[PDB]
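Visitor: Taken in sequence, the protein lines are chains A, B, C, D, E, F and G. Counting with the UniProt record's numbering, you get residues 99 to 111, 131 to 203, 223 to 314 for the letters of the first sequence. Counting with the UniProt record's numbering, you get residues 99 to 111, 131 to 203, 223 to 314 for the letters of the second sequence. Counting with the UniProt record's numbering, you get residues 324 to 497, 513 to 561 for the letters of the third sequence. Counting with the UniProt record's numbering, you get residues 324 to 497, 513 to 561 for the letters of the fourth sequence. According to the UniProt record's numbering, the fifth sequence is numbered sequentially starting from 324. Counting with the UniProt record's numbering, you get residues 639 to 772, 793 to 862 for the letters of the sixth sequence. Counting with the UniProt record's numbering, you get residues 639 to 772, 793 to 862 for the letters of the seventh sequence.
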Amino acid sequence: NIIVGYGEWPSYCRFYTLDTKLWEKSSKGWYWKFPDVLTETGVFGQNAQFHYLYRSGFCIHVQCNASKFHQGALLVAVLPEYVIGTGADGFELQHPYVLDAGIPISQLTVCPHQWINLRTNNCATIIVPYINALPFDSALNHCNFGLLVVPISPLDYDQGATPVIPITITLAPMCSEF
Amino acid sequence: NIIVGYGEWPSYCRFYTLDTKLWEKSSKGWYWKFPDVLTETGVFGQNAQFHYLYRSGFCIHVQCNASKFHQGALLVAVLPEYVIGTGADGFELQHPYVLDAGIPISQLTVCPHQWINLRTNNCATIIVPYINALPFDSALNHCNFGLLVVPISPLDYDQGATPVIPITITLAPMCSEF
Amino acid sequence: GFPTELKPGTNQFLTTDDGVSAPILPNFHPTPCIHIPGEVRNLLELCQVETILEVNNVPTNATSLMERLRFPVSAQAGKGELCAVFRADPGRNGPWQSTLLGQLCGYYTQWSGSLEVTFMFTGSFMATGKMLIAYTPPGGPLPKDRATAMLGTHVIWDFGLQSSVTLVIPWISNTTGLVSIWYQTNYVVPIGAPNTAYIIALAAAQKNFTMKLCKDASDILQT
Amino acid sequence: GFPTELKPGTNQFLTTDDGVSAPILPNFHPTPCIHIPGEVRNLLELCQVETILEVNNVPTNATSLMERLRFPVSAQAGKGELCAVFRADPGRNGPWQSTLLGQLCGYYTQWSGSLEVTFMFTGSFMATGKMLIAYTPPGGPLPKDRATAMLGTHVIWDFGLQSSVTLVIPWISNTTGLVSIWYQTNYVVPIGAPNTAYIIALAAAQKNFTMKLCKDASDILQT
Amino acid sequence: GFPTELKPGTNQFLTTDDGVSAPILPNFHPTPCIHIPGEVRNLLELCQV
Amino acid sequence: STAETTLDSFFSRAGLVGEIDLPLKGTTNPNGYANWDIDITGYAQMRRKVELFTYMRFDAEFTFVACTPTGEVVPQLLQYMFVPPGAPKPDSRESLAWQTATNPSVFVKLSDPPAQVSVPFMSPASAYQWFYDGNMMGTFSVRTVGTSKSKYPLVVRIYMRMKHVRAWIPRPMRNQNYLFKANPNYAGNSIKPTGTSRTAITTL
Amino acid sequence: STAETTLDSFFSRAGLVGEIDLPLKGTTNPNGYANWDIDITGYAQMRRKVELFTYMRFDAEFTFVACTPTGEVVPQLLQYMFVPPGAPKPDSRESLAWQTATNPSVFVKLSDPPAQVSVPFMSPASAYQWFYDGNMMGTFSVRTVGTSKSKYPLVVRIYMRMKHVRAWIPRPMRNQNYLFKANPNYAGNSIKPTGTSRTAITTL
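(1) Report the option in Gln-522(C), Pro-413(C) and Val-381(C) whose CA atom is closest to the CA atom of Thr-513(C).
(2) Thinking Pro-355(C) and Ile-267(A) are a contact (beta carbons under 8 Å), I'd like their distance in whole angstroms, please.
(3) With a CB to CB cut of under 7 Å and the five nearest residues on each side skipped, what residues in its chain are close to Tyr-681(G)?
(4) State the CB to CB distance for the pair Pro-331(D) and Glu-328(C), rounded to an integer number of angstroms; the pair is presumed to be in contact (CB under 8 Å).
(5) I'd like to check one pair, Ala-308(B) with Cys-176(B): are the Cβ atoms closer than 8 Å?
(6) Buried or exposed, going by whether 16 or more other CB atoms sit within 10 Å of the CB of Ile-239(A)?
(7) Which residues in the same chain have their Cβ closer than 7 Å to the Cβ of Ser-397(C), if we skip the five residues on either side of it in sequence?
(8) Can you tell me the Cα-Cα spacing of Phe-351(E) and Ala-345(E), whole angstroms?
(9) Rounded to whole angstroms, how far is the Cβ of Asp-675(G) from the Cβ of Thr-797(G), which I believe are closer than 8 Å?
(10) In its own chain, which residues sit with a C-beta less than 7 Å from the C-beta of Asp-646(G), not counting the 5 before and 5 after it?
(11) Can you tell me whether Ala-858(F) is helix, strand or coil according to DSSP?
(12) I want to verify the contact list: residues of chain G whose CB lies under 9 Å from the CB of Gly-342(E), in sequence order.
(13) Taking C-beta to C-beta, are residue 129(A) and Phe-161(A) nearer than 8 Å?
(14) Run down chain C in chain order and give the residues with a C-beta less than 7 Å from the C-beta of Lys-330(D).
(15) Drop a sphere of 10 angstroms on the beta-carbon of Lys-747(F), count the other beta-carbons inside from all chains shown, and report buried for 16 or more, exposed for fewer.
(16) In this structure, does DSSP put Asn-379(D) in helix, strand or coil?
(17) Flag this pair as touching only if the region 188–201 of chain A and the region 434–449 of chain C have three or more C-beta atom pairs under 8 Å; answer yes or no.
(18) Using 8 Å as the Cβ pair cut-off and three pairs as the minimum, do the region 752–768 of chain G and the region 683–694 of chain G touch?
(19) Tell me whether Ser-143(A) is buried or exposed, calling it buried when 16 or more other Cβ atoms sit within 10 Å of its Cβ.
(20) Would you check if the region 154–170 of chain A and the region 240–258 of chain A touch, i.e. whether three or more CB-CB distances between them fall below 8 Å?
(21) Out of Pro-758(G), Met-820(G) and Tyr-817(G), which one is the CA nearest neighbour of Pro-349(D)?
(22) Shorter than 8 Å from the beta carbon of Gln-683(G) to some beta carbon of chain D?
(23) So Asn-164(A) is in the alpha helix (DSSP H); what residue range does that whole segment cover?
(24) May I ask you to verify whether the region 806–814 of chain G touches the region 691–710 of chain G, counting CB pairs closer than 8 Å and requiring at least 3?
(25) One question on the structure: do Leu-392(D) and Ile-538(D) come within less than 8 Å of each other, judged by their Cβ atoms?
(26) Please report how far the alpha carbon of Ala-275(A) lies from the alpha carbon of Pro-152(A), in whole angstroms.
(27) Could you say which of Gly-202(A), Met-310(A) and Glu-106(A) lies nearest to residue 781(F) if we only look at CA atoms?
(28) Does the CB of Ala-260(A) have a neighbour CB from chain C at under 8 Å?
(29) Can you list, in chain order, the residues of the region 739–758 of chain G whose Cβ is nearer than 8 Å to any Cβ on chain E?
(30) Note the first and the last residue of the continuous beta strand (DSSP E) segment covering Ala-472(C).
(31) Assuming contact is defined by CB atoms lying nearer than 8 Å, are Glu-373(C) and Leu-490(C) in contact in what I supplied?
(32) Alpha carbon to alpha carbon, how far is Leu-192(A) from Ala-385(C)?
(33) Under 8 Å between the Cβ atoms of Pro-742(G) and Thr-339(E)?
(34) Under 6 Å Cβ to Cβ from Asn-379(C), same chain only, skipping five residues before and after it: list those, please.
(35) Is there a Cβ from chain G that is less than 8 Å from the Cβ of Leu-366(E)?
(36) Check each candidate in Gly-462(D), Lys-553(D), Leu-438(D) and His-358(D) and name the one with the smallest Cα separation from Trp-419(D).
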């Protein structure tokens, strides 16, 4: 289904398909930062570094295609001002239990989130409004939020099946202002 | 054009043409004091020293005639209670930068003022009401205000042209009381 | 000339007193407040949000810490065999310490209301089976077998029909109730599918939950 | 018999406190106020008055201090050559320290609004030419040549057509914007007229300028 | 229980202060005033003589 | 009736933040003055409570309690000057910042009820934020009035209460021990579970 | 909302103007009294602020803080007599001006909150003027009550706040250093620019 973050639609004051992540049997999780992930891509990327003040919402779709003989579960969530403690390809979580920042993953469902169960569905949509303490900020020095994709239940299959599952992320800016 | 000092016309509670100042290439500026400048002149001069209480407004015209091949700019301003720090012919400024009183000339445009640009105009008119903390004062012991004419841009010309430019001041008392 | 009396509580500083002081900076204008989404005014809104319950809080290694978020259901376990058991105590030490409800009720002294637990099956699409989830009221012992647990509050969960089931726990306060999961049938799976799966449990609070008498009570060090 | 409590802020003297004291001379009648022209009730009225901007703050001799009020435009400078450049920072050290706006905003801590700069040409009536005045927003570098500055916010100023031009600077706050002046054409003049002229710059503030958090901050000694 | 503040001009005696004190002899009745001619209420009346 | 779980009730009590020593002789403060930057984390339990949210907005209320190390009360006068953000701080007892009229002061005696003042919301933005992927409130300066040193040792304790509390965007609560100030850094070589453990999943 | 730039806000805080020493032994004041003529320029920053205008009209509010040089509080009584303009001033401790009923006095103790009084607009004209091409407010006399000398050294500090401020005819702000009081004289052999300088007009 489609969830709207904090029950607010983006307002005023195309599709971009990134590369594919390969979910494995020993994967830990990945994260992306916004709007850093879209700063070197296309007209949005040019406007981000060719202006001074930036303000935009977003719409994120996460999909994965797997057979009926695979199993596993993923948690997709959005965390504003995601500072990390101890590009368009993201990073890998070193200690997924503490979310790499000293906070538990079991309480990550307090943020706008969705579940992907391979036996039930294969899609997740999140709509994020603009969150800041100021009406405008800098697109090259401040990261508004981060996106997390963590496998809570490990991927499993039988020998002879495809050992990697593709996870594709496609996103579209909404109500962008420069 | 004509400006009215502080947006007030003189109220109740002839023309006098002084001598001509010769603007030169090395001139610094001149000033006159009121009503000292008109105390030895005519019926006004007799009434000033033959009475006890005095109260009057003024209307000041400053003109200069020069050719189309001359250049320069003057600032004309009126400063009430112009005390000097370190007649009808005025004095000469020794340190025009500090207005001879320790205050900058760049902020002199906060007073009733006019500009004379030789390429644009040749006249400036200022109307001064009566300013004092008492309804009447003494005409021989208190100077109400002073008039300044300072060249911000130096006078320039080519060799063979007239090297001195005449500046004539004509003033007329308004709503005078004795 | 107005007479006064100066009662016996005069020059005292009570830290819980509420009053008005002298502003140190009058004529100062603070920044006007813009609209920021996601405003929370009461903590019960946070208490009513489902979070992961670590029923399987057995392992303690650094690299095995993620195994505490689910418990297995295998094909080598027979019918009628106990799978997992836990209490229904949000404010005490145990599985509930991982949920936001337990952490938030660790800041108070008394609480009462109703809870709910949600189980999610993350096996393959071709696996089938049945489970029995039972609830025992306070003061009773753990049932000795599946048949004894059947004579009571219980639900039968079918993997093929449903992927999630919910269990509303009636009133709790301040012994505590027990939740146990039994095998009804065996784990049926075709050829070519994994023999083991995992279950994820989510817990939250209902709309009649309340807390009282705030404490501070924490053991995380500033520096 | 009226009870009182004597709260914990009782016998204290706060210098920013506002109250009513006991008049030392009752029955005394102060002099009634007559009308005096030129009353000012707010400082923004003074901030909105144009004053001379010392763009040419190079010389420091006692007798060369009047040269800081204008900068030259000569006939020996080619086309496309940079004339002068300055920032748009009223509250910081530099050319703006000579304007009343800078001096008045040196008494506060924060400010924001729009500005405007006026240039006046004081050459002869027979001189002609063109200038380019450009504005660069915060975060950008100085344009490398006239062509680069043309692709942006700019105005073309003609000496023959006009004697004064104005440039509205958009929002500033608290890096800062830049203002640069380039030669578009050369300085054309007939025979019998001076080869050099001067430009006077005047700066002020618009009606949306505000200041906040007063400081005292001054370095002029009483005696 | 009424809170108070005790401002910084509290225990001071200003000789030009005007206020009300405690009468030392209540229940005492002063002599009523008869009419006496020649009452003066302002000094300018004396100045105008 | 569910009025003890509101944010105003959650942050509602005056707690001890900061303590200043003015010894007669020693090396702690050789002179008779000290500077204390305003922070809410002087209270040990405040950081984990405030970091449940991302943005906060509140006022403050400060109370100063002064006494001798033994607890005695002596005839001394103090200053308690407040330096707003963006203003210079004192450097000595003879500094000219102690008499700048734009820094409010509160002259008070030890043999008096504790002093009390209020501080408004002092941020350029619309709220404080504890996390910034990319919060100055002021300073309190404490000294003893006089041109000579005092005759007594003194201690000053500061209590702060927060009023008109608002918050946005809840976050997971802190799980591991802190290592620095304004830093989510954690000891990566010793990670502990969120709670206690048991022997087996089938045993209570 | 643009209410911090009003004249009342511009002149709105109590600043230290004047200080009186009454030593036990020495040569500063051999007797137990001193005379302080009221002026607003005792505050260092006041002159350049007030001289932005030509005419001013306001009331005043004075506060007296007294203590020992070390800062101690002692059992002493003081007088604080006010001499209006046009009246004779004390010459000694036995002078008869100390008990003239037309000079108001404020008897107070050191172990008391600071004394506070108000002074109205005392000029024959309609406003004070800082420049006159051609301003007495009063005097405060401070002594220790008694026919014998006091047993303690004392210091008195006076703070003044201006109320109901009005002004006329703005002027350029002061540019050079002052040399005298009530004199626009400046050092003519050392004239400095209004601000800082740079190397060239084409370089930032």
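The beta-carbon is built from N, C-alpha and C at its ideal position, and this holds for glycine as well.
Guide: In terms of the structure at hand:
(1) Taking the third sequence and counting its residues from 1, the one referred to as residue 513(C) is at position 175. Comparing alpha-carbon positions, the option among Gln-522(C), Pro-413(C) and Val-381(C) lying closest to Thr-513(C) turns out to be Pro-413(C).
(2) Working through the third sequence from its first residue, we reach residue 355(C) at position 32. Working through the first sequence from its first residue, we reach residue 267(A) at position 131. In fact, because the Cβ distance is near 18 Å, the residues do not count as touching under 8 Å.
(3) Here the question's residue 681(G) lines up with position 43 in the seventh sequence. Once the five neighbours on either side are set aside, the close Cβ partners of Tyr-681(G) are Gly-653, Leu-654 and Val-655.
(4) Here residue 331(D) corresponds to residue number 8 of the fourth sequence, with the count starting at 1. Here residue 328(C) corresponds to residue number 5 of the third sequence, with the count starting at 1. Rounded to the nearest angstrom, the Cβ distance from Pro-331(D) to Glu-328(C) is 19 Å, too far for a contact under 8 Å.
(5) Counting from 1 along the second sequence, the entry for residue 176(B) is found at position 59. Counting from 1 along the second sequence, the entry for residue 308(B) is found at position 172. Yes, the pair counts as a contact, with Cβ atoms nearer than the cut-off.
(6) The residue you call residue 239(A) lines up with position 103 of the first sequence. Around the beta-carbon of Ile-239(A), 16 or more other beta-carbon atoms lie within 10 Å, marking it buried.
(7) Working through the third sequence from its first residue, we reach residue 397(C) at position 74. Here the set comprises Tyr-525, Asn-533 and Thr-534.
(8) By 1-based counting over the fifth sequence, the position of residue 351(E) is 28. By 1-based counting over the fifth sequence, the position of residue 345(E) is 22. C-alpha separation (whole angstroms): 14 Å.
(9) Along the seventh sequence, read from residue 1 onward, the residue named residue 675(G) stands at position 37. Along the seventh sequence, read from residue 1 onward, the residue named residue 797(G) stands at position 139. Correct: roughly 5 Å between the Cβ atoms.
(10) For the purposes of this step, residue 646(G) is identified with residue 8 of the seventh sequence, where counting begins at 1. The residues are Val-823.
(11) The count along the sixth sequence starts at 1 and reaches residue 858(F) at position 200. Annotated three-state conformation of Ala-858(F) is coil, per DSSP.
(12) To locate residue 342(E), count along the fifth sequence from 1; it is residue 19. Within 9 Å Cβ-Cβ: nothing; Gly-342(E) doesn't reach chain G, min ~15 Å.
(13) Along chain A, the last residue before the gap is 111 and the first after it is 131, so residue 129(A) carries no coordinates.
(14) The count along the fourth sequence starts at 1 and reaches residue 330(D) at position 7. Chain order gives the chain C residues near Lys-330(D) as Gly-342, where near means a beta carbon separation below 7 Å.
(15) Here residue 747(F) is taken as the residue at index 109 of the sixth sequence, counted from 1. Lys-747(F) counts as buried, since no fewer than 16 other beta carbons sit within 10 angstroms of its beta carbon.
(16) The residue labelled residue 379(D) in the question sits at position 56 within the fourth sequence. Coil.
(17) In short, these stretches touch, since the Cβ pair count reaches three.
(18) With a cut-off of 8 Å on Cβ pairs, the region 752–768 of chain G is in contact with the region 683–694 of chain G, counting three or more such pairs.
(19) Along the first sequence, read from residue 1 onward, the residue named residue 143(A) stands at position 26. Its Cβ having fewer than 16 others within 10 Å, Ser-143(A) is exposed.
(20) Because the criterion of three Cβ pairs below 8 Å is not met, the region 240–258 of chain A and the region 154–170 of chain A do not touch.
(21) As a first step, residue 349(D) must be located in the fourth sequence, where it is residue number 26. With distances taken between Cα atoms, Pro-349(D) lies closest to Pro-758(G).
(22) Position 45 of the seventh sequence, counted from the first residue, corresponds to residue 683(G). Answer yes: the Cβ-Cβ gap between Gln-683(G) and chain D drops below 8 Å somewhere.
(23) In the first sequence, the residue the question calls residue 164(A) occupies position 47. That run of the alpha helix (DSSP H) goes 159–166.
(24) With the cut-off at 8 Å, the region 806–814 of chain G and the region 691–710 of chain G touch.
(25) Along the fourth sequence, read from residue 1 onward, the residue named residue 392(D) stands at position 69. Along the fourth sequence, read from residue 1 onward, the residue named residue 538(D) stands at position 200. Result yes, Cβ atoms of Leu-392(D) and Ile-538(D) sit closer than 8 Å.
(26) Walking along the first sequence from the start, residue 275(A) turns up at place 139. Walking along the first sequence from the start, residue 152(A) turns up at place 35. Taking the straight line joining both Cα atoms gives about 7 Å.
(27) Within chain F, the sequence of modelled residues goes 772 then 793, so residue 781(F) has no position in this structure.
(28) Numbered from 1 along the first sequence, position 124 holds the residue referred to as residue 260(A). When Cβ-Cβ separations below 8 Å define contact, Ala-260(A) makes no contact with chain C.
(29) Residues of the region 739–758 of chain G with a Cβ closer than 8 Å to any Cβ of chain E, in chain order: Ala-739, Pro-742, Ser-743, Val-744, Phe-745, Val-746, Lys-747, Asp-750, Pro-751, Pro-752, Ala-753, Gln-754 and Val-755.
(30) Residue numbering aside, residue 472(C) sits at position 149 when the third sequence is read from its first letter. Residue range 469–473 is occupied by the alpha helix (DSSP H) that includes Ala-472(C), with no beta strand (DSSP E) assigned at that position.
(31) Within the third sequence, the letter at position 50 stands for residue 373(C). Within the third sequence, the letter at position 167 stands for residue 490(C). Their beta carbons are not under 8 Å apart, which means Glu-373(C) does not touch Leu-490(C) by this criterion.
(32) Residue 192(A) sits at position 75 when you count from the first residue of the first sequence. Residue 385(C) sits at position 62 when you count from the first residue of the third sequence. Distance between the alpha carbons of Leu-192(A) and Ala-385(C): 21 Å.
(33) Here residue 742(G) refers to the residue found at position 104 when the seventh sequence is read from its first residue. Here residue 339(E) refers to the residue found at position 16 when the fifth sequence is read from its first residue. Contact: yes.
(34) Residue 379(C) sits at position 56 when you count from the first residue of the third sequence. Once the five neighbours on either side are set aside, the close Cβ partners of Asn-379(C) are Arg-391 and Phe-394.
(35) In the fifth sequence, counting from the first residue as 1, residue 366(E) sits at position 43. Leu-366(E) does not count as touching chain G.
(36) The sequence position of residue 419(D) within the fourth sequence is 96, counting from 1. Its Cα nearest to that of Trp-419(D), the residue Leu-438(D) stands out among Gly-462(D), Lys-553(D), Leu-438(D) and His-358(D).
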